[PDB]
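Chemist: Residue numbers (the entry's author numbering), protein chains in the order written: chain M, 1 to 122; chain P, 2 to 119; chain R, 1 to 113; chain E, 2 to 215; chain c, 2 to 55.
After the structure tokens below, expect a handful of questions from me.
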RNA sequence: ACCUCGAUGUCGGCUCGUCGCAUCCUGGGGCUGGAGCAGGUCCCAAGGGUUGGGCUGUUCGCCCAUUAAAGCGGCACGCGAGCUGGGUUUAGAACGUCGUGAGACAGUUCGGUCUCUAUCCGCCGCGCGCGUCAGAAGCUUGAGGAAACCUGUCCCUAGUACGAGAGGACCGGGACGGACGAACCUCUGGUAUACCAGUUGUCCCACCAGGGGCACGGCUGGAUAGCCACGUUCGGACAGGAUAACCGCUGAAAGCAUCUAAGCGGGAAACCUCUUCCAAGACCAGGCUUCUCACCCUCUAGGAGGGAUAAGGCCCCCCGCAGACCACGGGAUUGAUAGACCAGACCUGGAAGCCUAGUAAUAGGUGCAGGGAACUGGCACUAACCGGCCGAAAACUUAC
RNA sequence: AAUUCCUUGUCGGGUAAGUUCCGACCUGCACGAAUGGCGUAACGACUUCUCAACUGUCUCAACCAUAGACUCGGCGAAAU
RNA sequence: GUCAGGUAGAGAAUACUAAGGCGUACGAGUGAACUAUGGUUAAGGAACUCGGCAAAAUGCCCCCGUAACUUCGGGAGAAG
Ligand SMILES: [Mg+2]
Ligand SMILES: [Mg+2]
Ligand SMILES: [Mg+2]
Ligand SMILES: [Mg+2]
Ligand SMILES: [Mg+2]
Ligand SMILES: [Mg+2]
Ligand SMILES: [Mg+2]
Ligand SMILES: [Mg+2]
Ligand SMILES: [Mg+2]
Ligand SMILES: [Mg+2]
Ligand SMILES: [Mg+2]
Ligand SMILES: [Mg+2]
Ligand SMILES: [Mg+2]
Ligand SMILES: [Mg+2]
Ligand SMILES: [Mg+2]
Ligand SMILES: [Mg+2]
Ligand SMILES: [Mg+2]
Ligand SMILES: [Mg+2]
Ligand SMILES: [Mg+2]
Ligand SMILES: [Mg+2]
Ligand SMILES: [Mg+2]
Ligand SMILES: [Mg+2]
Ligand SMILES: [Mg+2]
Ligand SMILES: [Mg+2]
Ligand SMILES: [Mg+2]
Ligand SMILES: [Mg+2]
Ligand SMILES: [Mg+2]
Ligand SMILES: [Mg+2]
Ligand SMILES: [Mg+2]
Ligand SMILES: [Mg+2]
Ligand SMILES: [Mg+2]
Ligand SMILES: [Mg+2]
Ligand SMILES: [Mg+2]
Ligand SMILES: [Mg+2]
Ligand SMILES: [Mg+2]
Ligand SMILES: [Mg+2]
Ligand SMILES: [Mg+2]
Ligand SMILES: [Mg+2]
Ligand SMILES: [Mg+2]
Ligand SMILES: [Mg+2]
Ligand SMILES: [Mg+2]
Ligand SMILES: [Mg+2]
Ligand SMILES: [Mg+2]
Ligand SMILES: [Mg+2]
Ligand SMILES: [Mg+2]
Ligand SMILES: [Mg+2]
Ligand SMILES: [Mg+2]
Ligand SMILES: [Mg+2]
Ligand SMILES: [Mg+2]
Ligand SMILES: [Mg+2]
Ligand SMILES: [Mg+2]
Ligand SMILES: [Mg+2]
Ligand SMILES: [Mg+2]
Ligand SMILES: [Mg+2]
Ligand SMILES: [Mg+2]
Ligand SMILES: [Mg+2]
Ligand SMILES: [Mg+2]
Ligand SMILES: [Mg+2]
Ligand SMILES: [Mg+2]
Ligand SMILES: [Mg+2]
Ligand SMILES: [Mg+2]
Ligand SMILES: [Mg+2]
Ligand SMILES: [Mg+2]
Ligand SMILES: [Mg+2]
Ligand SMILES: [Mg+2]
Ligand SMILES: [Mg+2]
Ligand SMILES: [Mg+2]
Ligand SMILES: [Mg+2]
Ligand SMILES: [Mg+2]
Ligand SMILES: [Mg+2]
Ligand SMILES: [Mg+2]
Ligand SMILES: [Mg+2]
Ligand SMILES: [Mg+2]
Ligand SMILES: [Mg+2]
Ligand SMILES: [Mg+2]
Ligand SMILES: [Mg+2]
Ligand SMILES: [Mg+2]
Ligand SMILES: [Mg+2]
Ligand SMILES: [Mg+2]
Ligand SMILES: [Mg+2]
Ligand SMILES: [Mg+2]
Ligand SMILES: [Mg+2]
Ligand SMILES: [Mg+2]
Ligand SMILES: [Mg+2]
Ligand SMILES: [Mg+2]
Ligand SMILES: [Mg+2]
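Here you go:
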């Protein structure tokens, strides 16, 4: 449940390690982005040697959030930290490897590449 | 029992508690007191649960009532008279009857007493 | 008693073992992967049990690839097919929320005697 | 024709469908109704059926109401309402005396549920009308929950009837529509509706068929 | 705010009219063999001698 | 220079709106230098919608990320007895400039009190009285109003129409959303001032043990009910009528022609039904039906006045998730209305006493223990009473 | 520039976005040497810009208690 | 202006208390809006605003360890 000006730990090896939200995509006047909701972001700090450098405006997708998410079957998935992966405009990650577990909602948002690439899916 | 729904009776939450405890002590000591009608309505269930503690004779129940009441003569008289007196009455140990209104503030008055029939 | 009991007795589940918060369990959840039924096991520590009878829920915590995970289930959910209690924990609470703030060897549970 | 029944709101719980998805349900006792009267255009000016629900002691029935039930031939009930029908061919199948139970509905049937919503007392414009408040800081002076402007200056010089102000809230007829009947417990005279129903527990509701989704 | 005009006698007497009292409803009780009138609220308390019938 | 100088408070922002259409989006079209995609221009259309930030005191404006779109205006450049007070316009100080100076500057900079118990109209809710040709009660019809109306993406159709290629639809179907609104509390989450536990300081209950008062509920960890959103569910429809622009049919005047002159049609989120809610003080004060349908006295017999009643209601009483009071709803012994009591659900988390292990702090057992509010079911034990107050009919005319 | 109207001057930094800010440039409307000029460690309830932390300031508000408001009894004004 | 019990405590601070002194002069009710004064708040964390205004936050003792700069005193309780 991510606002604008919310900071999310980047969860792939693009080089960035923190981002800040700029807008939530998926509708006019939208507020929150749970798991599976693509946002536009600004990179707030990155490893200096990476390709994704600091200040770059990028497109990321949330893969785990601290706020609980109801599932259709009555179950809930809740993480201990907010994380996003930087993807392309082609709906696939820019990095070559995903770190940490990833909430299962990306499979019905057609983020096939990420779900295939994260060590284990929740 | 069920809490006060509106603002607490003595002007605050802590004053209502001590106010109830003093009212219950006086009721058990004298067997009949006259106070205001809301205070009497609040004192009925609170005093009857102490009487229930006194009806069943254990050290644990004596400790609970001493926790709430803080007067050892009244605790003795509870467990020596009132508990045994109500060994065959199942609840409803008290009786509130409405009496004439006060004069200074025209406060609705009432009297609580202990039932002496069975 | 408890008015809607007559509507809720029907769907209550048998074969749910007794388990208290502090217990290490594995819960087998059945999950569809493109209409293909697989079974996925969540092995964690029970950190609460919010009381409701049919609406009874329980929360499990598990530390996975460096990130903590909470999974909350309804106790009588039929996606759960099986709950295994592996060990019994020694706790003094009904809700072990502090485990979300402790990490590692300090997230340990005393073994029940 | 638009079928319907009177009942009470027992409470609400959850069920799991066959595909293992939790469904919130409100449980309604759609207990027996006797029809006590028919309204027809030839006599009353419109087609409707007056039916009675509830259990009441005859000692508690006022003599006019008891007489109106005697003219029907049925024992008095607590509540009496009526269904607006549409034509006479609809009221052809209702006769004064007969019965109707929850088995009028079925699985998947969409129903409109009419109830009377909970009372919210004297409510302010934020609770009542969803007003934006005002600032909690930066200098705001005793206006943290007040409506503010209620018109313009000297033209029109008044406050435009219909202005949203603060007053009694709740306690109103509310129809929630297109609510799925998850399951009718036929033997126990209960029906389980997917969603929420207006009113308190043990309140009278009218469960009618849906016109938008019939 | 402040009253713009002095208010008229009809309008003054219109809501001075609402400031009235209602007489309590009395019932009869028998104390010491002689009849007295008391509110039905105080009926029991008169019947067991806890209200002072002057 | 027409009202206001025995006072009409001055910019911007906030809150809350309201109306126009000179239309920003959505809807309907005509012409194109309109192949399609996408446009240009004009016409019709005001139902709903019309984002969050950076820079600046900002309006204006510049930019950032979006969006179907980020419309323009009137209302004392709407709105300070509704807020603010950054701007502007006192008194302090300083810079630059002018002045001999006191000082001054549509020059700049730092600081700089925003009063009011609502009388009347207006508006949002709530009662009391009378009326609707007897007195009451149940269910209703609706004239007349108010509410609501927004919209995107993906996929089939279809890589099809069209096009050299790039590109790529009309129309019709299917799936999921964004914002908004309403009800609700099963789930999630919040809160919890008479719930449970731990704990520090101090005093007290003679002392030990166990507890209590006070320190923001002392603090801390949880927390059922109720209220609630961050939660759950549902909504905007379908269809019909009359149309706007526009498109016509059959057609004279005017031998051909023309949507018009006689006649007949298609035609949009606008209008009328439709959906939801209020609604007979709707004075044309309505309809269906049930109940009571009676009992005397005086004035002087014409009408009135008084009184006792019925059906019914009101107060008193026990309450409510109904509530500012009032009203509303339920109960009132032929009674489960509230409290107590018993049991259950639930919350806390394993009471006290004893025994035991250890030098001890402490740990184990007895034992899902003890405590406990709201939720459910039993139970007349306690209160709902040896009860008062209101409250029922002229006739006449014609038709029958 | 507490000084520059022109002006949101120009270039760099800083932000996703920089009319303030910092470092410089010199076209000083209209700086300038005891009405001192230029620096300066320490000091400041001074003015300005920034980061971390922290939060109901905000998204977007909900709930609890107390004093009023509200009801009952007593007394009992006011500006106008 | 004088006197200055106890227990924590550096303390005449603060919490609770002793002796002593008060309960100080309208009350009784009541879960309305709204105002005031306190409290808590999921996710986010200055996105508010003229401006982090107001709140939140740090806070004590003992060890370790402390920067540019300096007028050699400091900065310094730096920071950690
Ligand atoms: Mg309460
Ligand atoms: Mg209050
Ligand atoms: Mg008070
Ligand atoms: Mg206290
Ligand atoms: Mg439990
Ligand atoms: Mg607010
Ligand atoms: Mg003020
Ligand atoms: Mg304030
Ligand atoms: Mg004004
Ligand atoms: Mg006017
Ligand atoms: Mg002139
Ligand atoms: Mg004049
Ligand atoms: Mg003037
Ligand atoms: Mg004047
Ligand atoms: Mg004036
Ligand atoms: Mg004047
Ligand atoms: Mg306005
Ligand atoms: Mg036009
Ligand atoms: Mg327009
Ligand atoms: Mg168009
Ligand atoms: Mg065109
Ligand atoms: Mg319309
Ligand atoms: Mg600025
Ligand atoms: Mg406007
Ligand atoms: Mg203005
Ligand atoms: Mg204006
Ligand atoms: Mg103003
Ligand atoms: Mg002002
Ligand atoms: Mg100012
Ligand atoms: Mg000056
Ligand atoms: Mg000079
Ligand atoms: Mg109508
Ligand atoms: Mg609502
Ligand atoms: Mg519940
Ligand atoms: Mg909770
Ligand atoms: Mg307690
Ligand atoms: Mg002792
Ligand atoms: Mg001790
Ligand atoms: Mg203590
Ligand atoms: Mg004391
Ligand atoms: Mg607590
Ligand atoms: Mg808590
Ligand atoms: Mg609640
Ligand atoms: Mg012709
Ligand atoms: Mg022609
Ligand atoms: Mg009218
Ligand atoms: Mg009528
Ligand atoms: Mg009556
Ligand atoms: Mg009643
Ligand atoms: Mg119990
Ligand atoms: Mg124990
Ligand atoms: Mg009960
Ligand atoms: Mg009479
Ligand atoms: Mg007459
Ligand atoms: Mg400057
Ligand atoms: Mg200058
Ligand atoms: Mg400039
Ligand atoms: Mg620049
Ligand atoms: Mg500079
Ligand atoms: Mg000089
Ligand atoms: Mg000079
Ligand atoms: Mg000189
Ligand atoms: Mg100088
Ligand atoms: Mg200088
Ligand atoms: Mg210096
Ligand atoms: Mg100084
Ligand atoms: Mg100062
Ligand atoms: Mg809201
Ligand atoms: Mg008060
Ligand atoms: Mg008074
Ligand atoms: Mg001392
Ligand atoms: Mg002191
Ligand atoms: Mg003393
Ligand atoms: Mg009140
Ligand atoms: Mg507050
Ligand atoms: Mg928060
Ligand atoms: Mg938090
Ligand atoms: Mg910051
Ligand atoms: Mg800002
Ligand atoms: Mg900033
Ligand atoms: Mg802003
Ligand atoms: Mg501050
Ligand atoms: Mg503070
Ligand atoms: Mg150091
Ligand atoms: Mg320094
Ligand atoms: Mg330090």
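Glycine included, C-beta positions come from ideal geometry on N, C-alpha and C.
Answer yes or no: does any C-beta atom of chain M fall closer than 8 Å to that of residue 22/R?
Modeler: no
Chemist: For residue 23/E and chain M, any beta-carbon pair shorter than 8 Å?
Modeler: yes
Chemist: Would you say the segment 89 to 103 of chain M touches the segment 5 to 19 of chain P, given that touching needs at least three Cβ pairs under 8 Å?
Modeler: no
Chemist: Suppose only complete runs of 4+ residues qualify. What are the alpha helix (DSSP H) ranges in the segment 75 to 119 of chain E, listed by chain order?
Modeler: As far as the segment 75 to 119 of chain E is concerned, its whole alpha helix (DSSP H) runs of at least 4 residues are 89 to 92.
Chemist: What residues in its chain sit with their C-beta under 8 Å from that of residue 94/R, if we drop five residues either side in the sequence?
Modeler: Cβ within range, chain order: 21, 48, 49.
Chemist: List, in chain order, every chain P residue whose beta-carbon is nearer than 7 Å to that of residue 46/c.
Modeler: 98, 99, 100
Chemist: Helix, strand or coil: which one does DSSP assign to residue 126/E?
Modeler: helix
Chemist: According to DSSP, residue 63/R sits in a beta bridge with which residue or residues?
Modeler: 68/R
Chemist: Using a Cβ-Cβ distance under 8 Å, would residue 93/M count as near chain R?
Modeler: no
Chemist: Taking only beta-carbon positions, decide if residue 69/M is within less than 8 Å of chain R.
Modeler: no
Chemist: Residues of chain R with CB closer than 8 Å to the CB of residue 16/E, please, in chain order.
Modeler: 11
Chemist: Run through DSSP, which three-state label would residue 54/P get?
Modeler: helix
Chemist: Helix, strand or coil for residue 166/E? Go by DSSP, reduced to three states.
Modeler: Secondary structure at residue 166/E: coil, using DSSP grouped into helix, strand and coil.
Chemist: Does the Cβ-Cβ distance between residue 11/M and residue 103/M come in under 8 Å?
Modeler: no
Chemist: Using a Cβ-based criterion (distance less than 7 Å to any ligand heavy atom), does residue 15/P qualify as near ligand 4?
Modeler: Yes, the Cβ of residue 15/P comes within 7 Å of a heavy atom of ligand 4.
Chemist: Check the DSSP bridge columns for residue 20/M and list the partner residues they point to.
Modeler: 7/M, 42/M
Chemist: Of the choices 49/E, 194/E, 156/E, whose alpha-carbon is the least far from that of residue 81/E?
Modeler: 49/E
Chemist: Mapping DSSP to helix, strand and coil, what is residue 54/E?
Modeler: strand
Chemist: Drop a sphere of 10 angstroms on the beta-carbon of residue 59/E, count the other beta-carbons inside from all chains shown, and report buried for 16 or more, exposed for fewer.
Modeler: exposed
Chemist: Determine the contact status of residue 38/E and residue 56/E, defining contact as a CB-CB distance below 8 Å.
Modeler: With contacts defined as CB atoms closer than 8 Å, residue 38/E and residue 56/E fail to qualify as a contacting pair.
Chemist: Could you give the first and the last residue of the continuous beta strand (DSSP E) run that contains residue 25/E?
Modeler: 23 to 30
Chemist: Measure from the C-beta of residue 71/R to each C-beta in chain M and report whether the shortest distance is under 8 Å.
Modeler: yes
Chemist: Quick check on residue 135/E: does DSSP put it in helix, strand or coil?
Modeler: coil
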